[PDB]
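Accompanying notes for the structure given below.
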Amino acid sequence: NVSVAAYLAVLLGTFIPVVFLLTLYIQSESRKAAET
Amino acid sequence: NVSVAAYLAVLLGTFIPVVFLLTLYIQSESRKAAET
Amino acid sequence: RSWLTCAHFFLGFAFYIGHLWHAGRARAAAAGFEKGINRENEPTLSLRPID
Amino acid sequence: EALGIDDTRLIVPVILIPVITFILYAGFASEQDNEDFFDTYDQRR
Amino acid sequence: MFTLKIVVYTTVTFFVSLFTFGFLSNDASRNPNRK
Amino acid sequence: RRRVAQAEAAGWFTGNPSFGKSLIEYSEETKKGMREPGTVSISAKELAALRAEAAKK
Amino acid sequence: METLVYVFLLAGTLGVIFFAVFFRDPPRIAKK
Amino acid sequence: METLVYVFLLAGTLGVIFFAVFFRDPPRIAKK
Amino acid sequence: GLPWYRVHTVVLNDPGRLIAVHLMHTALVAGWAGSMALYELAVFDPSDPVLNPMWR
Amino acid sequence: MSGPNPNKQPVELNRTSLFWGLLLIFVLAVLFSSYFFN
Amino acid sequence: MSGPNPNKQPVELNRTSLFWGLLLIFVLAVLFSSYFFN
Amino acid sequence: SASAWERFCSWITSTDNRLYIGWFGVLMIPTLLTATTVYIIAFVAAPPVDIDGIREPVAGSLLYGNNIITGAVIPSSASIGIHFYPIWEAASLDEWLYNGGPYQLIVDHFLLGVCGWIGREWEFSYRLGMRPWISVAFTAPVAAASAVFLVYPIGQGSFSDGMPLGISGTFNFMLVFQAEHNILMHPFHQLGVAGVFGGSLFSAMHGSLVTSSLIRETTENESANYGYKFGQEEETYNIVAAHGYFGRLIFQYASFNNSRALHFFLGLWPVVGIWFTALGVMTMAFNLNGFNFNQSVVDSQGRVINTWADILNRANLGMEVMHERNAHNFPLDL
Amino acid sequence: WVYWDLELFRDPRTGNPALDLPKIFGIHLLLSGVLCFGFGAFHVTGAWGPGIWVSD
Amino acid sequence: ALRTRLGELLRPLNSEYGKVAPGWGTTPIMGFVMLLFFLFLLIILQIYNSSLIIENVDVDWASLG
Ligand code: CLA
Ligand code: CLA
Ligand SMILES: CCCCCCCCCCCCCCCC(=O)OC[C@H](CO[C@@H]1O[C@H](CS(=O)(=O)O)[C@@H](O)[C@H](O)[C@H]1O)OC(=O)CCCCCCCCCCCCCCC
Ligand SMILES: CCCCCCCCCCCCCCCC(=O)OC[C@H](CO[C@@H]1O[C@H](CS(=O)(=O)O)[C@@H](O)[C@H](O)[C@H]1O)OC(=O)CCCCCCCCCCCCCCC
Ligand SMILES: CCCCCCCCCCCCCCCC(=O)OC[C@H](COP(=O)(O)OC[C@@H](O)CO)OC(=O)CCCCCCCCCCCCCCC
Ligand SMILES: CC1=CCCC(C)(C)[C@H]1/C=C/C(C)=C/C=C/C(C)=C/C=C/C=C(C)/C=C/C=C(C)/C=C/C1=C(C)CCCC1(C)C
Ligand code: OEX
Ligand SMILES: [Cl-]
């Protein structure tokens, strides 16, 4: 039916760049908040 | 043999708290860097 | 044989422990810091930080 | 079998390397004072 | 197997020689209370 | 006071100004004074020029 | 194929140990 | 079981849209 | 700053945001109930209630 | 020497960029999930 | 009103805590991977 | 100005290295790195080992169907015994892998490395001008590792009886040891259990007493750990307050007034406990087993009334008749 | 990364961090020529090396 | 800027940043070499394209024998 280990591909390829963007945004927001 | 979808369990349960800790550390370091 | 072997293995290990204790204390008493670190001149405080 | 040596070629490094280390150590020791002291250890280096 | 044996013998002799002639090199003087 | 000396000269107090301080604690300083001991304030252009003159010829 | 996951986890743990040893926060005395 | 993954991805996209609409950065004029 | 294990104590003296986080937790629990029911309905076989009931 | 590198620069990501990146990644996952699975 | 909440506090995580958390999560994964897989 | 050997000795014994090497480290670093390398590669990919010598190999590596829990570096063959089995004493490398030579390599290098670690702890205690008895404390886990890796094989005459370098192998070692020596009834193992339980009790007690009486030096919006500054002169917690709390908890001289005596007790209890349990394993290597209270209660006629020791004996018999299948051709296990 | 401020990387004339890219290219081209000549003269030809895969 | 043995060894190899030859320098001979390289690439491209057939040069799998 549906090939396995594609769940890993879809979920990791969704998570890792999302993780990267969330980390960047939180880092930038905290740097702005500390600038004040 | 080895049950599938346990790869998802192991890898996501490894990544997500690691992601949380890395985000916390980077956020704290950038707040310290903008405090200066 | 079991009694002799076990007793003398016990005593050999115990006297290795004694050797380590007394060799360490002999070195520390010869160098002169067997009673503790001198507060006025602490050797670590005069070293560069390691990291 | 002394020191586990079954081939005579094994004796060459086992004897040779300590000789070179002793040569370096002997240079170090010839740099020293080498007279008797009355103390628990020698503070001269 | 002999080449590996002689390499291992050389390495063990080298490190044991360093150990032996390092502790002979006035190791008790190498303390912060010297001089 | 004799132990903050002989340690400041040895290299302590410099390098990691925010080591044993919390986020709020380190934010309270670096805004009302209390610079890192053993360090001075210098502009980036002046520091770059000094590093250029140090490596001259 | 789970052997790869085991090796990855062990290597990640060893890398964490390596970074905790050599890239640690340098201890300094504060001017309190 | 991939239907669950499809639904999760679609719902995540819709949640991103929701947060981009209602939790956006409020536009303000600067004092330049 | 606050440690990672004390991040939720900011709503300790803020009743409105305490109600907000309680509402968020309630929404998460209700959503889990709904999604769990949907998944169980997706994987349930009602053909034989005698030898394959819901607890099997 | 080992200390202040003059080339150190801060990194920013405003909320608009965060939302664009989230939308891009989620839409790419939606698009390519059907092909990874089959 | 909608604005500065007085209860806003910063959140910190020093490098020691980061390394402890990484070690904890990786060791837990090492421990429980054998049981999740079987 | 100095000789090359003097500069080499100054670098080896330098306190400016990130990790102190020292002369004991000269022996320690290569041995520990060799053991670590062989252990990693043999845990990942090593062929099964005929541990019992009966041509029935046991798989221990990850590539041969093991997880982290069941994986182990199998002890050497019973045909080898405690004969010295390096790589060059085997006809081929695969013969060395079949007979468990990696176990001997790892064990020998690891024991040399931990002896070097003891010596290196002494050495960097000496270079810093501190008292050198942390190595005496570290001798206890080294004693236990030696007892389970070298002494027990020496007593039983085979490196196959040493503790396997794994987790399930460790459990198998414990079960066979209980079956053949009844270690639970051995008073030295009971002293070791008291040592570890008391060490946990005293670690928790000291930690709770120090954390309970911390001197207020922080605000409500930060961790209490920042009230202590690294290198401060004053004490960070009220020793008198903790002493008073613990005196009123049990009785007024159940506490240690002296912090130095308290910390000596902290370092003394589990070190002595582990010393005693390691020596107990060393003595049971030569078959000086634990207490035997089997059939100690009889009635007026003489019928055996069982005790808890007899149920323990039944469990030990269950483990005894099942361990090392097809390796026993004789009734007794001498 | 730790030891970034090597004196080799700074221009003796100006002091700013600079790279003499034409001469670096000369050095790298000479190294690549030596490597290519060695590969083709010893590895491929079998003078000192295994050779390459040749099929029918 | 710390000074090392290897750094002092390689210092003359990175010491002439911005040093140029005045005028056009070696540009004409560079263009001649580029023209030769263009002709060579054209020749081998047309050989691989079988637009240029040379004696004893059979661009074919069968030439392996
Ligand atoms: C870029 C050109 C190139 C390439 C890709 C190869 C590729 C190859 N050659 Mg080859 N060769 C070349 C040029 C090249 N050669 C030249 C110019 C010569 C003439 C000198 C040769 C002569 C030659 C011989 C004689 C042989 C080969 C062989 C091989 C094969 C195995 C070697 C290998 O994989 O090494 C991979 C190497 C690495 C990945 C490097 C890692 C090394 C680590 C870092 C070791 C570290 C040690 C180092 C000293 C640092 C220690 C200190 C530190 C801890 C601080 C491989 C197909 C062998 C063969 O036939 O294979 C079947 C063989 O016998 N070659
Ligand atoms: C590995 C080969 C190689 C490389 C990379 C270089 C690189 C360089 N040489 Mg050089 N050189 C080489 C070999 C090489 N050399 C050889 C073998 C000789 C003979 C000894 C020379 C002789 C030489 C001289 C005499 C000079 C250089 C110079 C230069 C520099 C400037 C080049 C320039 O202006 O580009 C000009 C070209 C471009 C900017 C762009 C070209 C883009 C092409 C034309 C596009 C083509 C695309 C098109 C689709 C192709 C279709 C055709 C195809 C289908 C057939 C540069 C660092 C000059 C310099 O600075 O000296 C230090 C100089 O004066 N070289
Ligand atoms: C969206 C809301 C989420 C929270 C709501 C909670 C309730 C909803 C239930 C969620 C169900 C998730 C687990 C699915 C069940 C399962 O795994 O076993 C069923 C199968 C068993 O294998 C199968 O096995 C079969 C043969 S056998 O059984 O192995 O013998 C064979 O067909 C094949 O191998 C394989 O298909 O597992 C799978 O193969 C599918 C992989 C799991 C599906 C991915 C989950 C996607 C959502 C995760 C989101 C990440 C979280 C991030 C934080 C927001
Ligand atoms: C059958 C009998 C013959 C065999 C038995 C021999 C008895 C052995 C003990 C006697 C010898 C040791 C004397 C005390 C040790 C010492 O260093 O004194 C210094 C202090 C004593 O009091 C401190 O003494 C100090 C004064 S002074 O300098 O020591 O004079 C004082 O300043 C401080 O306040 C005070 O706390 O050390 C201590 O506080 C530790 C006291 C307990 C240690 C010995 C008791 C045994 C505990 C169990 C052993 C571990 C078993 C674990 C197994 C699970
Ligand atoms: C959907 C949501 C899914 C996300 C949920 C999960 C994410 C949360 C996971 C985070 C847990 C992190 C805890 C670590 C965070 C961490 O440790 O920080 C250390 C931290 C430091 O304390 P302080 O108060 O000094 O903190 C300073 C602050 O800056 C830290 O925020 O202390 C604690 O947090 C106390 C807990 C001790 C915990 C000890 C852990 C060590 C365990 C053993 C490690 C393995 C041993 C191996 C050998 C056997
Ligand atoms: C792995 C693990 C860790 C250790 C414990 C334990 C072993 C038990 C195990 C438990 C893990 C936990 C706590 C899992 C939690 C799962 C949860 C909370 C799942 C809930 C998901 C919520 C969902 C879908 C909500 C869906 C709601 C939607 C679309 C609403 C959309 C709408 C809104 C937003 C506006 C109005 C219109 C409409 C359409 C109603
Ligand atoms: O392997 Mn281990 O423990 Ca020396 O005895 Mn016989 O074998 Mn088996 O039984 Mn008892
Ligand atoms: Cl038998």
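No lab work stands behind these numbers, since they all come straight from the coordinates. Cβ atoms come from the backbone with ideal geometry, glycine included; neighbour counts cover every protein chain shown.
Would you pick out the residues in the range K:4-38 that are assigned to a loop (DSSP other than H, G, I, E, B) and either within 11 Å of chain I (Cβ to nearest Cβ) or charged (D, E, K, R) (or both)? Write out each step before concluding.
Filtering the range K:4-38 down to residues assigned to a loop (DSSP other than H, G, I, E, B) leaves K:4-10, K:12-14, K:37-38.
Hits for the range K:4-38 are K:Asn5, K:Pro6, K:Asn7, K:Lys8, K:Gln9, K:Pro10, K:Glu12, K:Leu13, K:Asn14.
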Can you tell me which residue within the range L:295-326, out of those that are under 27 Å from C:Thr5 (Cα atoms) and outside any helix (DSSP H, G or I), is nearest to ligand 6 (Cβ to nearest atom)? L:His323
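Yes/no matrix, rows are residues, columns are (1) surrounded by fewer than 21 Cβ atoms within 10 Å (Cβ to Cβ); (2) touching a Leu at 6+ places or on another chain (Cβ under 7 Å); (3) more than 18 Å from L:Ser168 (Cα to Cα):
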| position | (1), (2), (3) |
| --- | --- |
| L:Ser14 | yes, no, yes |
| L:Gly22 | no, no, yes |
| L:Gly25 | no, no, yes |
| L:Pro30 | yes, no, yes |
| L:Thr34 | yes, no, yes |
| L:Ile40 | yes, no, no |
| L:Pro47 | yes, yes, no |
| L:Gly60 | no, no, no |
| L:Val73 | no, yes, no |
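Could you pull out the residue among I:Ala20, I:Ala33, I:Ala42, I:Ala37 that is more than 14 Å from chain F (Cβ to nearest Cβ), small (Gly, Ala, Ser) and either within 16 Å of ligand 7 (Cβ to nearest atom) or closer than 29 Å to K:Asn7 by Cα (or both)?
Numbers: I:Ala33 fails: either within 16 Å of ligand 7 (Cβ to nearest atom) or closer than 29 Å to K:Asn7 by Cα (or both); I:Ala42 fails: either within 16 Å of ligand 7 (Cβ to nearest atom) or closer than 29 Å to K:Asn7 by Cα (or both); I:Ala37 fails: either within 16 Å of ligand 7 (Cβ to nearest atom) or closer than 29 Å to K:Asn7 by Cα (or both).
I:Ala20 is the lone residue from the list that is more than 14 Å from chain F (Cβ to nearest Cβ), small (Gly, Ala, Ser) and either within 16 Å of ligand 7 (Cβ to nearest atom) or closer than 29 Å to K:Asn7 by Cα (or both).
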Every residue from the range I:9-43 that is surrounded by 11 or more Cβ atoms within 10 Å (Cβ to Cβ) and either aromatic (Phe, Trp, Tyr) or touching a residue at least 12 places away in the same chain (Cβ under 8 Å) (or both): I:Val21, I:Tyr39
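Would it be correct to say that L:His83 is on the phi < 0 side of the Ramachandran plot, of a type outside the set (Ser, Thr, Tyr) and under 20 Å from the mean Cα position of the chain (by Cα)?
Numbers: on the phi < 0 side of the Ramachandran plot: yes; of a type outside the set (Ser, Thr, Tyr): yes; under 20 Å from the mean Cα position of the chain (by Cα): no.
No.
Return a yes/no flag: does the range L:280-300 have any residue that is among the aromatic types (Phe, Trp, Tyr) and either buried (at least 16 other Cβ atoms within 10 Å of the Cβ) or in contact with a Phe, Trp or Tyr (Cβ under 6 Å, 6 or more places away or on another chain) (or both). Step through it out loud before you land on a result.
Restricting attention to the range L:280-300, the residues satisfying the condition of being among the aromatic types (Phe, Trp, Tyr) are L:286, L:291, L:293.
Among the residues that remain, those that are also either buried (at least 16 other Cβ atoms within 10 Å of the Cβ) or in contact with a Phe, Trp or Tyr (Cβ under 6 Å, 6 or more places away or on another chain) (or both) are: L:286.
Yes, there is a match, as at least one residue in the range L:280-300 is among the aromatic types (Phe, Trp, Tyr) and either buried (at least 16 other Cβ atoms within 10 Å of the Cβ) or in contact with a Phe, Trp or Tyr (Cβ under 6 Å, 6 or more places away or on another chain) (or both).
Just checking, which of N:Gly7, N:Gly31 is touching a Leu at 6+ places or on another chain (Cβ under 8 Å) and either in a helix (DSSP H, G or I) or surrounded by 11 or more Cβ atoms within 10 Å (Cβ to Cβ) (or both)?
Details: N:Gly31 fails: touching a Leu at 6+ places or on another chain (Cβ under 8 Å).
Result of the check over N:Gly7, N:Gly31: N:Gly7.
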Which one is farthest from I:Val7 (Cα to Cα) among residues in the range I:18-36 that are within 11 Å of ligand 6 (Cβ to nearest atom) and of a type in the set (A, V, I, L, M, F, W, C)? I:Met36
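Pick from M:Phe25, M:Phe42, M:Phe37: which is of a type outside the set (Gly, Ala, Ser), more than 16 Å from ligand 8 (Cβ to nearest atom) and under 30 Å from N:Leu2 (Cα atoms)?
Working: M:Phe42 fails: under 30 Å from N:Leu2 (Cα atoms); M:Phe37 fails: under 30 Å from N:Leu2 (Cα atoms).
M:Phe25 is the lone residue from the list that is of a type outside the set (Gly, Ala, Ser), more than 16 Å from ligand 8 (Cβ to nearest atom) and under 30 Å from N:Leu2 (Cα atoms).
Can you work out which of the residues in the range L:94-107 that are touching a helix residue (DSSP H, G or I) at 6+ places or on another chain (Cβ under 8 Å) and touching a residue at least 40 places away in the same chain (Cβ under 8 Å) is nearest to L:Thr36 (Cα to Cα)?
Residues of the range L:94-107 touching a helix residue (DSSP H, G or I) at 6+ places or on another chain (Cβ under 8 Å): L:96, L:100-107.
Among the residues that remain, those that are also touching a residue at least 40 places away in the same chain (Cβ under 8 Å) are: L:100, L:102-107.
Values: L:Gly100: 16, L:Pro102: 11, L:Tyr103: 12, L:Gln104: 13, L:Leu105: 11, L:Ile106: 8, L:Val107: 11 Å.
Per the stated criteria, the residue is L:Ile106.
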Selection from the range L:280-294 of residues that are assigned to a loop (DSSP other than H, G, I, E, B), touching a helix residue (DSSP H, G or I) at 6+ places or on another chain (Cβ under 7 Å) and more than 10 Å from C:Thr5 (Cβ to Cβ): L:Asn289, L:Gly290, L:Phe291, L:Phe293, L:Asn294
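Yes or no: M:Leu35 within 16 Å of ligand 1 (Cβ to nearest atom) and among the hydrophobic types (A, V, I, L, M, F, W, C)? Even if it seems obvious, please write down each step before you answer.
Working: within 16 Å of ligand 1 (Cβ to nearest atom): yes; among the hydrophobic types (A, V, I, L, M, F, W, C): yes.
So M:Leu35 fits the description; yes.
Return the residues of the range B:1-35 that are facing chain A (nearest Cβ under 9 Å) and not in a helix (DSSP H, G or I); say none if nothing qualifies.
Restricting attention to the range B:1-35, the residues satisfying the condition of being facing chain A (nearest Cβ under 9 Å) are B:4-5, B:7-8, B:11-12, B:15-16, B:19, B:22-24, B:26-35.
Across the range B:1-35, the qualifying residues are B:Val4, B:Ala5.
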Just one of the numbered conditions (1) surrounded by 12 or more Cβ atoms within 10 Å (Cβ to Cβ); (2) away from chain M (no Cβ under 14 Å); (3) assigned to a loop (DSSP other than H, G, I, E, B) is not true of F:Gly15; which one? (2)
Search the range L:151-174 for residues that are at positive phi and pair each with any residue that is away from ligand 5 (no atom under 16 Å from the Cβ) when their beta-carbon atoms are under 8 Å apart and the residues are at least 6 apart or on different chains. L:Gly157/L:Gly81; L:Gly157/L:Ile82
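Being away from ligand 8 (no atom under 16 Å from the Cβ) and surrounded by 12 or more Cβ atoms within 10 Å (Cβ to Cβ) is the requirement here; does N:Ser15 meet it? Can you show your working first?
Details: away from ligand 8 (no atom under 16 Å from the Cβ): yes; surrounded by 12 or more Cβ atoms within 10 Å (Cβ to Cβ): yes.
Against the criterion (away from ligand 8 (no atom under 16 Å from the Cβ) and surrounded by 12 or more Cβ atoms within 10 Å (Cβ to Cβ)), N:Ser15 qualifies.
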Quick one: what pairs do we get from the range L:74-93, first residue within 8 Å of chain E (Cβ to nearest Cβ), second surrounded by fewer than 22 Cβ atoms within 10 Å (Cβ to Cβ) and assigned to a loop (DSSP other than H, G, I, E, B), C-beta under 6 Å, 6+ apart or different chains? L:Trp88/E:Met1
If I filter the range M:1-49 down to residues being farther than 26 Å from F:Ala49 by Cα and in contact with a helix residue (DSSP H, G or I) (Cβ under 7 Å, 6 or more places away or on another chain), which single residue comes out as farthest from the other protein chains (Cβ to nearest Cβ)? M:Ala47
May I ask you to list the residues in the range L:120-133 that are at the interface with chain C (Cβ under 9 Å from one of its Cβ atoms) and assigned to a helix (DSSP H, G or I)? L:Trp122, L:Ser125, L:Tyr126, L:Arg127
Give the range C:3-47 a look and list any residue that's more than 20 Å from L:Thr139 (Cβ to Cβ), more than 8 Å from chain L (Cβ to nearest Cβ) and small (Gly, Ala, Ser), or say none. C:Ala29, C:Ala30, C:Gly32, C:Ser46
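Here are L:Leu201, L:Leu191: which of them is within 29 Å of the chain's Cα centre (by Cα), on the phi < 0 side of the Ramachandran plot, loosely packed, with under 14 Cβ neighbours inside 10 Å and hydrophobic (A, V, I, L, M, F, W, C)?
L:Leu201
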Output the qualifying pairs, or none if there are none: Cβ atoms under 7 angstrom, residues six or more apart or on different chains, first residue in the range F:33-57 and over 26 Å from F:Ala9 (Cβ atoms), second residue in a helix (DSSP H, G or I). F:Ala55/M:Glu7
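State whether one or more residues within the range F:2-9 are within 14 Å of chain M (Cβ to nearest Cβ) and without any contact (Cβ under 8 Å) to a residue 60 or more places away in the chain.
Of all residues in the range F:2-9, those within 14 Å of chain M (Cβ to nearest Cβ) come to none.
No, the conditions are met nowhere in the range F:2-9.
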